[PDB]
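K.L.:
What follows is data-v8.cif, mmCIF, C-alpha atoms and all ligand atoms.
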```
data_query
loop_
_atom_site.label_atom_id
_atom_site.label_comp_id
_atom_site.auth_asym_id
_atom_site.auth_seq_id
_atom_site.Cartn_x
_atom_site.Cartn_y
_atom_site.Cartn_z
CA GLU W 1 0.18 26.87 14.39
CA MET W 2 -1.59 28.40 11.45
CA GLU W 3 -2.88 31.64 12.90
CA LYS W 4 0.53 32.56 14.29
CA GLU W 5 2.24 31.58 11.05
CA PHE W 6 -0.30 33.58 9.07
CA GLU W 7 0.41 36.78 11.02
CA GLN W 8 4.15 36.13 10.75
CA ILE W 9 4.10 35.67 6.97
CA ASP W 10 1.76 38.64 6.53
CA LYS W 11 3.96 40.87 8.70
CA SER W 12 7.02 40.00 6.62
CA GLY W 13 4.90 40.01 3.46
CA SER W 14 6.44 36.75 2.28
CA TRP W 15 3.47 34.83 0.87
CA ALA W 16 5.21 34.70 -2.52
CA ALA W 17 8.27 32.92 -1.10
CA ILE W 18 6.13 30.62 1.04
CA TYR W 19 3.98 29.68 -1.94
CA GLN W 20 7.03 29.32 -4.13
CA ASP W 21 8.57 26.96 -1.56
CA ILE W 22 5.52 24.75 -2.00
CA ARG W 23 6.10 24.60 -5.75
CA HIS W 24 9.76 23.78 -5.13
CA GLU W 25 8.95 20.89 -2.78
CA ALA W 26 5.91 19.55 -4.66
CA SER W 27 5.92 15.95 -5.85
CA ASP W 28 6.71 15.10 -9.46
CA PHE W 29 5.38 11.90 -11.04
CA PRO W 30 4.97 10.77 -14.66
CA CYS W 31 1.88 11.59 -16.74
CA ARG W 32 2.71 9.30 -19.66
CA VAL W 33 -0.86 8.24 -20.42
CA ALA W 34 -2.05 11.86 -20.49
CA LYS W 35 0.78 12.68 -22.91
CA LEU W 36 0.01 9.89 -25.39
CA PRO W 37 -0.73 11.28 -28.90
CA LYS W 38 -4.27 9.90 -28.95
CA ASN W 39 -5.16 11.82 -25.76
CA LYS W 40 -4.07 15.24 -26.95
CA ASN W 41 -7.65 16.35 -27.63
CA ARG W 42 -8.77 15.09 -24.22
CA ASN W 43 -6.69 17.70 -22.38
CA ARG W 44 -7.70 21.34 -22.00
CA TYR W 45 -4.21 22.51 -21.04
CA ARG W 46 -0.88 21.17 -22.31
CA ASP W 47 0.75 21.79 -18.91
CA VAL W 48 -1.93 20.35 -16.63
CA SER W 49 -2.10 16.57 -16.60
CA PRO W 50 -3.06 13.90 -14.08
CA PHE W 51 -0.25 11.66 -12.78
CA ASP W 52 -0.55 8.07 -14.00
CA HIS W 53 -0.60 6.62 -10.47
CA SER W 54 -3.67 8.58 -9.35
CA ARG W 55 -5.53 9.18 -12.61
CA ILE W 56 -9.16 8.14 -12.91
CA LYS W 57 -9.59 5.33 -15.42
CA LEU W 58 -12.82 5.16 -17.40
CA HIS W 59 -14.30 1.64 -17.46
CA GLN W 60 -13.95 1.08 -21.20
CA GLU W 61 -11.54 -0.84 -23.43
CA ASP W 62 -11.30 1.70 -26.26
CA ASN W 63 -9.65 4.56 -24.34
CA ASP W 64 -9.84 4.87 -20.56
CA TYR W 65 -8.22 8.29 -20.38
CA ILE W 66 -9.76 11.35 -18.77
CA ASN W 67 -7.95 14.36 -17.27
CA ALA W 68 -8.98 13.67 -13.67
CA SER W 69 -7.18 12.69 -10.46
CA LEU W 70 -8.23 10.88 -7.31
CA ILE W 71 -7.01 12.91 -4.34
CA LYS W 72 -7.13 10.30 -1.58
CA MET W 73 -6.43 11.87 1.80
CA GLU W 74 -5.65 8.85 3.98
CA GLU W 75 -5.40 10.56 7.37
CA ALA W 76 -8.47 12.75 6.75
CA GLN W 77 -10.34 9.74 5.35
CA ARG W 78 -11.95 11.74 2.54
CA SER W 79 -11.36 11.54 -1.19
CA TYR W 80 -12.00 14.02 -3.98
CA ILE W 81 -11.79 13.73 -7.72
CA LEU W 82 -10.30 16.86 -9.30
CA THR W 83 -10.73 17.26 -13.03
CA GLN W 84 -10.69 19.90 -15.77
CA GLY W 85 -13.68 21.67 -17.21
CA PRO W 86 -15.07 19.07 -19.61
CA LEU W 87 -14.29 19.68 -23.29
CA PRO W 88 -16.92 19.46 -26.07
CA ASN W 89 -15.73 15.88 -26.74
CA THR W 90 -15.28 14.71 -23.13
CA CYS W 91 -18.67 15.48 -21.57
CA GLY W 92 -19.71 11.86 -22.10
CA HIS W 93 -16.47 10.77 -20.42
CA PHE W 94 -17.07 13.22 -17.58
CA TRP W 95 -20.46 11.76 -16.71
CA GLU W 96 -19.18 8.23 -17.29
CA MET W 97 -16.66 9.01 -14.56
CA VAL W 98 -19.36 10.36 -12.24
CA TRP W 99 -21.38 7.19 -12.75
CA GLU W 100 -18.61 4.61 -12.43
CA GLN W 101 -17.11 6.39 -9.41
CA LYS W 102 -20.52 6.66 -7.75
CA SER W 103 -20.19 10.38 -7.00
CA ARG W 104 -23.25 12.20 -5.65
CA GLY W 105 -21.98 15.74 -5.96
CA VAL W 106 -20.24 17.82 -8.60
CA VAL W 107 -18.63 21.10 -7.50
CA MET W 108 -18.05 23.66 -10.24
CA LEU W 109 -15.97 26.69 -9.26
CA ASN W 110 -15.80 28.48 -12.61
CA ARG W 111 -18.14 30.02 -15.16
CA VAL W 112 -18.37 28.64 -18.69
CA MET W 113 -16.90 31.86 -20.05
CA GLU W 114 -14.21 33.79 -18.23
CA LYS W 115 -12.22 36.71 -19.58
CA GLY W 116 -13.63 36.17 -23.05
CA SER W 117 -12.77 32.53 -23.23
CA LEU W 118 -14.44 29.23 -23.00
CA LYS W 119 -13.17 27.62 -19.82
CA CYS W 120 -15.64 24.76 -19.84
CA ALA W 121 -18.15 23.01 -22.08
CA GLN W 122 -21.86 23.26 -21.33
CA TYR W 123 -21.94 19.81 -19.86
CA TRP W 124 -25.28 19.94 -18.03
CA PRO W 125 -28.84 20.77 -19.18
CA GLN W 126 -29.97 24.34 -18.56
CA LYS W 127 -33.68 23.65 -19.09
CA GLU W 128 -35.86 20.83 -17.75
CA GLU W 129 -37.52 20.17 -21.09
CA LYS W 130 -34.20 19.64 -22.87
CA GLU W 131 -32.33 16.71 -21.33
CA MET W 132 -28.91 15.73 -22.67
CA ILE W 133 -27.98 12.37 -24.16
CA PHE W 134 -24.34 11.32 -24.34
CA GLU W 135 -24.31 8.69 -27.10
CA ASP W 136 -20.66 7.70 -26.72
CA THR W 137 -21.08 6.76 -23.05
CA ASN W 138 -24.80 5.94 -23.29
CA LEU W 139 -26.00 8.22 -20.50
CA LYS W 140 -28.95 10.60 -20.13
CA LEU W 141 -28.89 13.77 -18.01
CA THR W 142 -31.97 15.76 -16.98
CA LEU W 143 -32.25 19.01 -15.05
CA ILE W 144 -34.78 18.30 -12.28
CA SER W 145 -34.64 21.64 -10.46
CA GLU W 146 -32.33 24.48 -9.46
CA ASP W 147 -31.97 26.89 -6.56
CA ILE W 148 -30.36 30.11 -7.73
CA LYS W 149 -28.61 32.31 -5.17
CA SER W 150 -26.77 35.59 -5.69
CA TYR W 151 -23.32 34.06 -6.19
CA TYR W 152 -23.93 30.32 -6.53
CA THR W 153 -26.55 27.94 -7.88
CA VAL W 154 -27.45 24.46 -6.68
CA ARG W 155 -28.93 22.13 -9.28
CA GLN W 156 -30.57 18.74 -8.90
CA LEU W 157 -29.80 16.46 -11.83
CA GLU W 158 -30.91 12.97 -12.79
CA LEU W 159 -28.25 10.83 -14.43
CA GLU W 160 -29.40 7.68 -16.17
CA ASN W 161 -27.45 4.70 -17.33
CA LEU W 162 -29.30 3.92 -20.50
CA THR W 163 -27.80 0.43 -20.62
CA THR W 164 -29.38 -0.68 -17.34
CA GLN W 165 -31.94 2.10 -16.93
CA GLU W 166 -30.62 2.74 -13.42
CA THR W 167 -30.99 6.38 -12.28
CA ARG W 168 -29.17 8.49 -9.69
CA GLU W 169 -29.60 12.00 -8.34
CA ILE W 170 -26.57 14.24 -8.77
CA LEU W 171 -26.29 17.57 -6.97
CA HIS W 172 -24.45 20.33 -8.84
CA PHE W 173 -22.95 23.15 -6.76
CA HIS W 174 -22.01 25.99 -9.09
CA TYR W 175 -19.88 28.74 -7.56
CA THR W 176 -20.31 31.58 -9.99
CA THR W 177 -18.30 34.48 -8.57
CA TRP W 178 -14.84 33.02 -7.92
CA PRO W 179 -12.45 34.80 -10.31
CA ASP W 180 -9.99 32.65 -12.24
CA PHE W 181 -6.54 33.08 -10.67
CA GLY W 182 -8.46 34.84 -7.90
CA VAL W 183 -10.01 34.28 -4.49
CA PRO W 184 -13.61 34.30 -3.15
CA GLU W 185 -15.05 37.65 -2.03
CA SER W 186 -14.54 36.66 1.60
CA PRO W 187 -13.96 33.67 3.88
CA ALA W 188 -17.67 33.92 4.69
CA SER W 189 -18.96 33.55 1.14
CA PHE W 190 -16.53 30.69 0.59
CA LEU W 191 -17.43 28.90 3.83
CA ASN W 192 -21.15 29.43 3.25
CA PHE W 193 -20.73 27.60 -0.07
CA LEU W 194 -18.56 24.81 1.36
CA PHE W 195 -21.01 24.24 4.21
CA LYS W 196 -23.77 23.85 1.62
CA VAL W 197 -21.85 21.15 -0.21
CA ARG W 198 -21.22 19.55 3.18
CA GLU W 199 -24.82 19.74 4.35
CA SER W 200 -26.07 18.07 1.15
CA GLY W 201 -24.44 14.80 2.19
CA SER W 202 -22.40 14.83 -1.03
CA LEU W 203 -19.14 14.37 0.91
CA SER W 204 -20.32 11.40 2.95
CA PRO W 205 -18.07 8.30 2.87
CA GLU W 206 -21.16 6.32 1.85
CA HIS W 207 -20.95 7.92 -1.61
CA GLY W 208 -18.16 7.93 -4.15
CA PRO W 209 -15.73 10.87 -4.09
CA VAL W 210 -17.18 14.30 -4.84
CA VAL W 211 -16.09 15.65 -8.21
CA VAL W 212 -14.45 19.08 -8.11
CA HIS W 213 -13.58 21.14 -11.13
CA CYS W 214 -12.77 24.49 -12.43
CA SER W 215 -11.12 25.16 -15.70
CA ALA W 216 -7.77 23.46 -15.22
CA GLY W 217 -8.88 21.61 -12.08
CA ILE W 218 -5.99 22.67 -9.84
CA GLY W 219 -6.21 26.34 -8.86
CA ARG W 220 -9.64 27.10 -7.47
CA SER W 221 -10.30 23.36 -7.12
CA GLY W 222 -7.09 23.04 -5.09
CA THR W 223 -8.06 25.89 -2.77
CA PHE W 224 -11.53 24.40 -2.18
CA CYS W 225 -10.21 20.93 -1.34
CA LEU W 226 -7.35 22.15 0.86
CA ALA W 227 -9.77 24.15 3.01
CA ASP W 228 -12.21 21.26 3.31
CA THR W 229 -9.53 18.71 4.20
CA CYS W 230 -7.89 20.94 6.83
CA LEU W 231 -11.25 21.57 8.49
CA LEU W 232 -12.01 17.82 8.49
CA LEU W 233 -8.62 16.92 10.02
CA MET W 234 -9.15 19.60 12.65
CA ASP W 235 -12.65 18.20 13.23
CA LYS W 236 -11.57 14.56 13.61
CA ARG W 237 -9.15 15.47 16.38
CA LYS W 238 -11.03 18.53 17.63
CA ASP W 239 -7.65 20.27 17.69
CA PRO W 240 -6.91 23.19 15.31
CA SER W 241 -3.25 23.22 16.39
CA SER W 242 -2.61 19.76 14.97
CA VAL W 243 -3.19 20.93 11.39
CA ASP W 244 -0.19 21.89 9.25
CA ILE W 245 -1.81 23.49 6.19
CA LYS W 246 1.30 23.54 4.01
CA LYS W 247 1.98 19.91 4.85
CA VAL W 248 -1.60 19.02 3.90
CA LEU W 249 -1.25 20.86 0.59
CA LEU W 250 1.98 19.00 -0.18
CA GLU W 251 0.21 15.71 0.60
CA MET W 252 -2.61 16.60 -1.81
CA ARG W 253 -0.05 17.53 -4.48
CA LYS W 254 1.15 13.92 -4.48
CA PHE W 255 -2.09 13.09 -6.34
CA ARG W 256 -2.43 16.02 -8.76
CA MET W 257 0.02 18.72 -9.82
CA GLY W 258 -0.25 22.42 -9.26
CA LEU W 259 -2.79 22.50 -6.47
CA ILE W 260 -3.52 26.14 -5.68
CA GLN W 261 -2.25 28.42 -8.40
CA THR W 262 -1.37 31.65 -6.61
CA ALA W 263 0.15 32.86 -3.34
CA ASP W 264 -3.05 34.72 -2.48
CA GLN W 265 -5.15 31.59 -3.01
CA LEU W 266 -2.84 29.93 -0.48
CA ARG W 267 -3.24 32.93 1.85
CA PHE W 268 -7.01 32.73 1.41
CA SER W 269 -6.89 29.04 2.38
CA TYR W 270 -5.47 30.05 5.76
CA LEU W 271 -8.20 32.64 6.27
CA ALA W 272 -10.93 30.13 5.42
CA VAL W 273 -9.58 27.41 7.70
CA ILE W 274 -8.95 29.79 10.62
CA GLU W 275 -12.49 31.17 10.33
CA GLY W 276 -14.01 27.73 9.76
CA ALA W 277 -12.21 26.50 12.87
CA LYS W 278 -14.75 28.50 14.88
CA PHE W 279 -17.58 26.24 13.74
CA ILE W 280 -15.56 23.04 14.18
CA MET W 281 -14.73 23.98 17.77
CA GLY W 282 -18.36 24.47 18.47
CA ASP W 283 -19.46 28.01 17.68
CA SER W 284 -23.10 27.70 16.60
CA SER W 285 -23.57 31.26 15.41
CA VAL W 286 -20.90 31.64 12.71
CA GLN W 287 -22.74 29.49 10.17
CA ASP W 288 -25.68 31.92 10.18
CA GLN W 289 -23.25 34.82 10.21
CA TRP W 290 -21.50 33.52 7.09
CA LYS W 291 -24.87 33.08 5.41
CA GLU W 292 -25.74 36.71 6.22
CA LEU W 293 -22.38 38.15 5.18
CA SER W 294 -22.44 36.15 1.93
CA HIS W 295 -25.63 37.93 0.81
CA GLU W 296 -26.79 34.84 -1.07
CA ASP W 297 -30.28 36.32 -1.33
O1 LIG Q 1 -8.43 28.19 -11.10
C1 LIG Q 1 -7.69 29.18 -11.20
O2 LIG Q 1 -7.53 29.98 -10.28
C2 LIG Q 1 -6.94 29.41 -12.50
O3 LIG Q 1 -7.12 28.26 -13.33
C3 LIG Q 1 -6.27 28.15 -14.45
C4 LIG Q 1 -6.55 28.58 -15.77
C5 LIG Q 1 -7.70 29.22 -16.29
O4 LIG Q 1 -8.73 29.29 -15.62
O5 LIG Q 1 -7.63 29.69 -17.42
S1 LIG Q 1 -5.23 28.22 -16.79
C6 LIG Q 1 -4.27 27.50 -15.57
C7 LIG Q 1 -2.92 26.94 -15.90
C8 LIG Q 1 -2.74 26.41 -17.22
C9 LIG Q 1 -1.51 25.83 -17.64
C10 LIG Q 1 -0.43 25.78 -16.71
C11 LIG Q 1 -0.59 26.30 -15.38
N1 LIG Q 1 0.51 26.20 -14.47
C12 LIG Q 1 1.51 25.34 -13.98
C13 LIG Q 1 2.25 25.92 -12.76
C14 LIG Q 1 3.33 24.91 -12.32
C15 LIG Q 1 2.74 23.50 -12.02
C16 LIG Q 1 1.86 22.95 -13.19
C17 LIG Q 1 0.82 23.99 -13.64
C18 LIG Q 1 -1.83 26.88 -14.97
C19 LIG Q 1 -4.98 27.54 -14.34
BR1 LIG Q 1 -4.33 26.86 -12.67
#
```
Show me the file's structure as structure tokens.
P.N.:
Amino acid sequence: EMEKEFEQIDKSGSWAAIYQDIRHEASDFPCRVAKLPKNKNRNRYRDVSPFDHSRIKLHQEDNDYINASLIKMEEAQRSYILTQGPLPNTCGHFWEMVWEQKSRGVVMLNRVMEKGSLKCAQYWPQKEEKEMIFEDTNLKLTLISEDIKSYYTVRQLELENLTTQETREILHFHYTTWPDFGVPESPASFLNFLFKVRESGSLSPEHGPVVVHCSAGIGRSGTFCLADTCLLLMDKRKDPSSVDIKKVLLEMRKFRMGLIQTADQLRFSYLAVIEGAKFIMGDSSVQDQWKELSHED
């Protein structure tokens, strides 16, 4: 039971060993396609690659490779696509993936520049009057509107398949204050953001899997997905005790390596789930409380 385990591990200050045990037991599968010579410039980090069995394949004959993984949580019945921050040459691929996979939401947990480096390409239009055209994948992207909060921004985008002229609305949830290798300011600010993704309908099973990214697509992205999945499992059975967080994280790691980068991110996952459990089990005041405590205004 998480809350008891959390107090136990915090009392004995052994989050490092607990987290390290996860790394020791994590699945290991081949990433041969990602390591092919021709795909070197399609990877942001040499040591972060998608496993071949769960990698997202672009629908093209030339080169179907993108650094992205389909995290399919069978029991929870929710899927996520975790990918890297798009590179200057893979933004077309990124949106091609969004289109072909029928995703409605894109969750971005990093800033373009962090600690003096470029963690992610500017893959979306910043101004209405300057849409973006991706010639290689033949797609057009237009900023329709944006709602800027104190620590996150929600943008409404229009993605067009130039080949068929079909258009789709994509919601972009940009979390802008989550430090790399760090944790959110509080469970409240994190949950307020998650509940805003959730309330947009972006996670509905009627849409394709939501796309989640940071820089490498495993640390902050891993924390976000673990918390969401655990809350959903808890929700489906209306029983917080039935959720084994570490077991869920190990399950997720069968689809993409490295999920959750630090022991404190793991510890934060517990905090978020435990707090979120209040809403799941029918507390109608916490959502407004989180909103208040997050100071999004
Ligand atoms: O999102 C965050 O909090 C931090 O994000 C990041 C990075 C960043 O934002 O710069 S780099 C990085 C990384 C790059 C190469 C190898 C490994 N580490 C290996 C550890 C063993 C398993 C395979 C990955 C981790 C991670 Br994650």
K.L.:
W:98, W:280, W:273, W:113: which is nearest ligand LIG 1 (chain Q), counting only C-alpha atoms and all ligand atoms?
P.N.:
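Using only C-alpha atoms and all ligand atoms, ligand LIG 1 (chain Q) sits closest to W:113.
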K.L.:
Could you check the closest approach to ligand LIG 1 (chain Q) for each of W:117, W:287, W:142, W:8 and tell me which residue wins, using all atoms listed in the file?
P.N.:
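Comparing W:117, W:287, W:142, W:8 against ligand LIG 1 (chain Q), the winner is W:117.
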K.L.:
Nearest to residue 87 (chain W): which of W:114, W:25, W:176, W:216 is it, counting only C-alpha atoms?
P.N.:
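Nearest candidate to residue 87 (chain W) out of W:114, W:25, W:176, W:216: W:216.
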K.L.:
Taking only C-alpha atoms and all ligand atoms into account, report as number ranges by chain which residues have an atom no farther than 9 Å from an atom of ligand LIG 1 (chain Q).
P.N.:
W: 23, 26, 44-49, 109-110, 114-115, 117-119, 178-183, 213-223, 257-262, 265
K.L.:
Quote the spacing between CA of residue 170 (chain W) and CA of residue 79 (chain W) in Å to one decimal place.
P.N.:
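These atoms are spaced 17.2 Å apart.
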K.L.:
To one decimal place in Å, what is the distance between CA of residue 230 (chain W) and CA of residue 245 (chain W)?
P.N.:
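That distance, rounded to one decimal, is 6.6 Å.
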K.L.:
Work out how far CA of residue 70 (chain W) is from CA of residue 54 (chain W), in Å to one decimal.
P.N.:
5.5 Å
K.L.:
Using only C-alpha atoms, pick whichever of W:148, W:106, W:226, W:234 has the shortest atom-to-atom distance to residue 201 (chain W).
P.N.:
W:106
K.L.:
Compute the distance from (-5.3, 18.6, 9.7) to each atom, counting all atoms listed in the file, keep the residues with any atom at most 9 Å away, and return them as a PyMOL selection string; use the coordinates of the file.
P.N.:
chain W and resi 75-76+229-237+239-245+247-248
K.L.:
Excluding same-chain residues fewer than 3 positions from residue 159 (chain W), what lies within 9 Å of it counting all atoms listed in the file, as a VMD selection string?
P.N.:
chain W and resid 95 99 139 to 142 166 to 170
K.L.:
For residue 32 (chain W), please output as an NGL selection string all residues within 8 Å (counting all atoms listed in the file; exclusion window: fewer than 2 positions along the same chain).
P.N.:
:W and (30 or 34-36 or 51-52)
K.L.:
For residue 21 (chain W), work out the shell of residues within 12 Å, counting only C-alpha atoms and skipping chain neighbours fewer than 4 positions away, then give it as a list in words.
P.N.:
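Listed by chain and then number, they are residues 14, 15, 16, 17, 25, 26, 246, 247, 249, 250, 263 and 266 of chain W.
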K.L.:
W:77, W:66, W:172, W:197: which is nearest residue 40 (chain W), counting only C-alpha atoms?
P.N.:
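Among the listed residues, W:66 lies closest to residue 40 (chain W).
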K.L.:
Hey, what's within 7 Å of residue 212 (chain W) if we count only C-alpha atoms and toss same-chain stuff fewer than 6 positions away? As a list in words, please?
P.N.:
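Here the qualifying residues turn out to be residues 80, 81, 82, 83, 106, 107, 108 and 221 of chain W.
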K.L.:
Dig up all the protein and nucleic acid residues within 8 Å of (-29.8, 23.9, -8.7) in the file frame, using only C-alpha atoms, and format them as a PyMOL selection string.
P.N.:
chain W and resi 145-148+153-156+171-173
K.L.:
Using all atoms listed in the file for the distances, tell me which of W:157, W:91, W:31, W:191 is nearest to residue 293 (chain W).
P.N.:
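Ranked by minimum distance to residue 293 (chain W), first place goes to W:191.
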K.L.:
Would you mind completing region 129-152 of chain W to N, CA, C and O atoms and writing the output as a PDB file, in the coordinates of the input?
P.N.:
```pdb
ATOM      1  N   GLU W 129     -36.838  20.800 -19.967  1.00  0.00           N
ATOM      2  CA  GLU W 129     -37.520  20.170 -21.090  1.00  0.00           C
ATOM      3  C   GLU W 129     -36.530  19.737 -22.166  1.00  0.00           C
ATOM      4  O   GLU W 129     -36.910  19.130 -23.166  1.00  0.00           O
ATOM      5  N   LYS W 130     -35.258  20.059 -21.954  1.00  0.00           N
ATOM      6  CA  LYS W 130     -34.200  19.640 -22.870  1.00  0.00           C
ATOM      7  C   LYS W 130     -33.105  18.877 -22.130  1.00  0.00           C
ATOM      8  O   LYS W 130     -32.058  19.435 -21.803  1.00  0.00           O
ATOM      9  N   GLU W 131     -33.355  17.598 -21.874  1.00  0.00           N
ATOM     10  CA  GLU W 131     -32.330  16.710 -21.330  1.00  0.00           C
ATOM     11  C   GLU W 131     -31.179  16.536 -22.317  1.00  0.00           C
ATOM     12  O   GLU W 131     -31.296  16.881 -23.492  1.00  0.00           O
ATOM     13  N   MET W 132     -30.066  16.000 -21.827  1.00  0.00           N
ATOM     14  CA  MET W 132     -28.910  15.730 -22.670  1.00  0.00           C
ATOM     15  C   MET W 132     -28.610  14.235 -22.758  1.00  0.00           C
ATOM     16  O   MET W 132     -28.637  13.522 -21.749  1.00  0.00           O
ATOM     17  N   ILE W 133     -28.329  13.763 -23.966  1.00  0.00           N
ATOM     18  CA  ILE W 133     -27.980  12.370 -24.160  1.00  0.00           C
ATOM     19  C   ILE W 133     -26.557  12.270 -24.684  1.00  0.00           C
ATOM     20  O   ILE W 133     -26.207  12.878 -25.697  1.00  0.00           O
ATOM     21  N   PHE W 134     -25.735  11.515 -23.970  1.00  0.00           N
ATOM     22  CA  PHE W 134     -24.340  11.320 -24.340  1.00  0.00           C
ATOM     23  C   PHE W 134     -24.253   9.945 -25.002  1.00  0.00           C
ATOM     24  O   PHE W 134     -24.127   8.926 -24.325  1.00  0.00           O
ATOM     25  N   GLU W 135     -24.339   9.931 -26.330  1.00  0.00           N
ATOM     26  CA  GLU W 135     -24.310   8.690 -27.100  1.00  0.00           C
ATOM     27  C   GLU W 135     -23.061   7.835 -26.911  1.00  0.00           C
ATOM     28  O   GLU W 135     -23.155   6.613 -26.806  1.00  0.00           O
ATOM     29  N   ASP W 136     -21.895   8.466 -26.871  1.00  0.00           N
ATOM     30  CA  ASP W 136     -20.660   7.700 -26.720  1.00  0.00           C
ATOM     31  C   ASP W 136     -20.592   6.916 -25.415  1.00  0.00           C
ATOM     32  O   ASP W 136     -20.084   5.799 -25.394  1.00  0.00           O
ATOM     33  N   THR W 137     -21.115   7.474 -24.327  1.00  0.00           N
ATOM     34  CA  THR W 137     -21.080   6.760 -23.050  1.00  0.00           C
ATOM     35  C   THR W 137     -22.444   6.192 -22.664  1.00  0.00           C
ATOM     36  O   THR W 137     -22.587   5.548 -21.626  1.00  0.00           O
ATOM     37  N   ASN W 138     -23.440   6.444 -23.505  1.00  0.00           N
ATOM     38  CA  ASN W 138     -24.800   5.940 -23.290  1.00  0.00           C
ATOM     39  C   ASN W 138     -25.429   6.377 -21.970  1.00  0.00           C
ATOM     40  O   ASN W 138     -25.917   5.549 -21.198  1.00  0.00           O
ATOM     41  N   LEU W 139     -25.433   7.682 -21.722  1.00  0.00           N
ATOM     42  CA  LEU W 139     -26.000   8.220 -20.500  1.00  0.00           C
ATOM     43  C   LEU W 139     -26.983   9.352 -20.803  1.00  0.00           C
ATOM     44  O   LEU W 139     -26.836  10.052 -21.800  1.00  0.00           O
ATOM     45  N   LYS W 140     -27.984   9.526 -19.947  1.00  0.00           N
ATOM     46  CA  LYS W 140     -28.950  10.600 -20.130  1.00  0.00           C
ATOM     47  C   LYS W 140     -28.888  11.499 -18.897  1.00  0.00           C
ATOM     48  O   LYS W 140     -28.766  11.007 -17.774  1.00  0.00           O
ATOM     49  N   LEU W 141     -28.958  12.809 -19.111  1.00  0.00           N
ATOM     50  CA  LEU W 141     -28.890  13.770 -18.010  1.00  0.00           C
ATOM     51  C   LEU W 141     -30.045  14.760 -18.103  1.00  0.00           C
ATOM     52  O   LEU W 141     -30.225  15.423 -19.127  1.00  0.00           O
ATOM     53  N   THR W 142     -30.808  14.870 -17.020  1.00  0.00           N
ATOM     54  CA  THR W 142     -31.970  15.760 -16.980  1.00  0.00           C
ATOM     55  C   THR W 142     -31.920  16.723 -15.809  1.00  0.00           C
ATOM     56  O   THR W 142     -31.621  16.322 -14.680  1.00  0.00           O
ATOM     57  N   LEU W 143     -32.211  17.992 -16.085  1.00  0.00           N
ATOM     58  CA  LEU W 143     -32.250  19.010 -15.050  1.00  0.00           C
ATOM     59  C   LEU W 143     -33.591  18.829 -14.337  1.00  0.00           C
ATOM     60  O   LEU W 143     -34.648  18.964 -14.964  1.00  0.00           O
ATOM     61  N   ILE W 144     -33.553  18.510 -13.044  1.00  0.00           N
ATOM     62  CA  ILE W 144     -34.780  18.300 -12.280  1.00  0.00           C
ATOM     63  C   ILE W 144     -35.257  19.585 -11.621  1.00  0.00           C
ATOM     64  O   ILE W 144     -36.455  19.860 -11.573  1.00  0.00           O
ATOM     65  N   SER W 145     -34.315  20.369 -11.105  1.00  0.00           N
ATOM     66  CA  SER W 145     -34.640  21.640 -10.460  1.00  0.00           C
ATOM     67  C   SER W 145     -33.359  22.399 -10.133  1.00  0.00           C
ATOM     68  O   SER W 145     -32.266  21.835 -10.177  1.00  0.00           O
ATOM     69  N   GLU W 146     -33.493  23.681  -9.813  1.00  0.00           N
ATOM     70  CA  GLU W 146     -32.330  24.480  -9.460  1.00  0.00           C
ATOM     71  C   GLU W 146     -32.672  25.622  -8.521  1.00  0.00           C
ATOM     72  O   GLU W 146     -33.701  26.285  -8.671  1.00  0.00           O
ATOM     73  N   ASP W 147     -31.800  25.832  -7.541  1.00  0.00           N
ATOM     74  CA  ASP W 147     -31.970  26.890  -6.560  1.00  0.00           C
ATOM     75  C   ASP W 147     -30.882  27.923  -6.798  1.00  0.00           C
ATOM     76  O   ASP W 147     -29.711  27.714  -6.463  1.00  0.00           O
ATOM     77  N   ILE W 148     -31.280  29.037  -7.402  1.00  0.00           N
ATOM     78  CA  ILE W 148     -30.360  30.110  -7.730  1.00  0.00           C
ATOM     79  C   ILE W 148     -30.180  31.136  -6.616  1.00  0.00           C
ATOM     80  O   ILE W 148     -31.150  31.728  -6.139  1.00  0.00           O
ATOM     81  N   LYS W 149     -28.933  31.335  -6.201  1.00  0.00           N
ATOM     82  CA  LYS W 149     -28.610  32.310  -5.170  1.00  0.00           C
ATOM     83  C   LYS W 149     -27.867  33.438  -5.863  1.00  0.00           C
ATOM     84  O   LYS W 149     -27.658  33.386  -7.074  1.00  0.00           O
ATOM     85  N   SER W 150     -27.456  34.448  -5.106  1.00  0.00           N
ATOM     86  CA  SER W 150     -26.770  35.590  -5.690  1.00  0.00           C
ATOM     87  C   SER W 150     -25.394  35.278  -6.279  1.00  0.00           C
ATOM     88  O   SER W 150     -25.008  35.872  -7.287  1.00  0.00           O
ATOM     89  N   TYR W 151     -24.647  34.365  -5.664  1.00  0.00           N
ATOM     90  CA  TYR W 151     -23.320  34.060  -6.190  1.00  0.00           C
ATOM     91  C   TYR W 151     -23.059  32.581  -6.465  1.00  0.00           C
ATOM     92  O   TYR W 151     -21.951  32.201  -6.838  1.00  0.00           O
ATOM     93  N   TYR W 152     -24.073  31.748  -6.271  1.00  0.00           N
ATOM     94  CA  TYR W 152     -23.930  30.320  -6.530  1.00  0.00           C
ATOM     95  C   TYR W 152     -25.300  29.731  -6.792  1.00  0.00           C
ATOM     96  O   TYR W 152     -26.316  30.265  -6.337  1.00  0.00           O
TER      97      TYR W 152
END
```
